[PDB]
Amino acid sequence: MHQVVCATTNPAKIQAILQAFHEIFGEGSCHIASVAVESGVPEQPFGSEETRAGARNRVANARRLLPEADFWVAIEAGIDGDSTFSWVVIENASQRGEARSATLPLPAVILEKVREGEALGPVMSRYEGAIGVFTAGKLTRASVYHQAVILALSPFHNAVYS
Amino acid sequence: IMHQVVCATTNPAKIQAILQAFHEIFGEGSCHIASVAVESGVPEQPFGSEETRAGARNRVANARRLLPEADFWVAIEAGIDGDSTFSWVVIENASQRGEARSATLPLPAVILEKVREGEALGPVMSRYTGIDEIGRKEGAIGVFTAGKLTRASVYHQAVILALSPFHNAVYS
C-alpha cells in the first residue's frame, strides 16, 4: 500500500483525499494518516496565491516531519474578492501536483463581513461547509474537494508530465 | 414553474452539465433547453481569469439579445490559468447574475509549451491523443484523470455553484 499523509485533521477533507486516492490507485491500496502543521499563512488566506502558498507550506512541513510516507497532501481554503475556494497540493518523492477547487460565489454581506475581520467559519457558523447551505444540499464540501484531489493527482499517473 | 434556459453554446458536454445542474436545483422536468451559437468576443484560446470570464459574459449577453424572452441565459468559457486549464460559468436571469469557476486541471509542461507557442488546447490535445474535438467530448479532463472525471462532471459542479444567487434570497 501507499502511505498517504494528510496535513489536516478535518474529516471532510480526509474523506475526499482517501476516495480520490483510491479511485486512481485502486480500492484499498492506500493508508491515510493526518499530521497537524503550520501554514505560514494567515488563518483566513486572502487571494488565490496566498491560499495556495499555505497548502504548499503545509506539504513541506508534513513532508519533513514524516519523511517515510509516500505522498504528502494538503487542501487549503481561502476567499476571493467575491468567493471562497481551496487549493490542493500533492507531493511524493519525485514530483508535485496542484489544483484549485471549484469556486463558490458569496453573498455581498457575507463577503464584507469577512473583509471586516472575521473568519468565514464564524460568519457562516454564527449564521458540508458553506457549499452545502448554498447548494441547498445538492453539493457537499467533500464532493468538491474530491474532484480537486483527483485533478492534482494527474502528474502521478501520467508519465507525460515527465 | 417551468424555465426557458438558453445555453450560449452548442458544446454537448457543456449543455449536459447545464441541464443537469438546473434539474438538481429547480427540479427534474422543470427546465426546457435551447442552445444557440454566439460570439465570445475573446480569443480562440483565452488566457487569465479576466479574459476567460469576459468571454462567458459576452456569450450570455449575445444570447440574451437573440432570445430576450427567455428566463435564463448561461455560458461556460474555458481558458489557461498559469500551468492549468479551467473555465468560468456565468448565468443571468431577469435581474441577477451568478458566476463560478470550475476546478482547475494542471497540464504537462510539453502541452503548455506547445500551447504558449501559439496553438489552442484542443488541437494540441488532438495530436497527443489522436482525438478530434476533445473539448466537446471527455476533454483534457477525461484524458488526464483516466476517465475518473469528465469535462461534464467537473462543469456540472461549477454550474451548481453559479446558481446559488438564484435560489438563496440572502444574496439579496
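All heavy atoms count here, side chains included; hydrogens, waters and symmetry mates do not. We name chains A, B, ... by the order of the sequence lines, and we start the count at 1 in each one.
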If hydrophobic clusters are built from ILVMFWY residues whose side chains come within less than 4.5 Å, do [X] and [Y] share one?
X: B:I33; Y: B:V60; answer: no
X: A:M124; Y: A:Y145; answer: yes
X: B:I25; Y: B:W73; answer: no
X: B:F47; Y: B:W88; answer: no
X: A:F85; Y: A:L120; answer: no

| For the student: nearest non-hydrogen atoms of B:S153 and A:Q147, plus distance | O-OE1, 3.5 Å
| said: Can you give me the closest heavy-atom contact between B:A100 and A:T103, atom names plus distance? | reply: CB-O, 3.4 Å
Part of [X] lying under 4.5 Å from any heavy atom of chain A:
X: B:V110; result: side chain
X: B:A146; result: both
X: B:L107; result: backbone

Rounded to the nearest 0.5 Å, how far apart are [atom1] of [X] and [atom2] of [Y]?
X: B:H156; Y: A:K138; atom1: NE2; atom2: NZ; answer: 9.5 Å
X: A:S154; Y: B:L149; atom1: OG; atom2: CG; answer: 9.0 Å
X: A:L104; Y: B:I160; atom1: CG; atom2: CD1; answer: 12.0 Å
X: B:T145; Y: A:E23; atom1: OG1; atom2: CD; answer: 10.0 Å

| field | Side chain proximity check, B:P108 to A:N158, heavy atoms < 4.5 angstrom | value | no
| query | Any side-chain heavy-atom pair from A:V160 and B:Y128 closer than 4.5 angstrom? | reply | yes
| Is it the side chain or the backbone of A:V88 that comes within 4.5 Å of chain B heavy atoms, both, or neither? | neither
| message | Donor-acceptor pair, distance only, cut-off 3.5 Å: does the side chain of B:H167 make one with the backbone of A:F134? | response | yes
| query | Hey, is the main chain of B:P106 close enough, under 3.5 Å, to the side chain of A:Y161 for a donor-acceptor pair? | reply | yes
For the [atom1] atom on [X], are there more than 12 heavy atoms of other groups (residues, nucleotides or ligands in this structure) within a distance under 6.0 Å?
X: B:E39; atom1: CD; value: no
X: B:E50; atom1: CD; value: no
X: A:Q95; atom1: CD; value: yes
X: B:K137; atom1: NZ; value: yes
X: B:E69; atom1: CD; value: no

| remark: Looking only at B:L161, B:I141, B:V154, B:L163, most heavy-atom pairs under 4.5 Å shared with chain A are made by B:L161
| task | For the pair A:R100 and B:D83, find out whether any cationic side-chain nitrogen is under 4.0 Å from an anionic carboxylate oxygen. | result | no
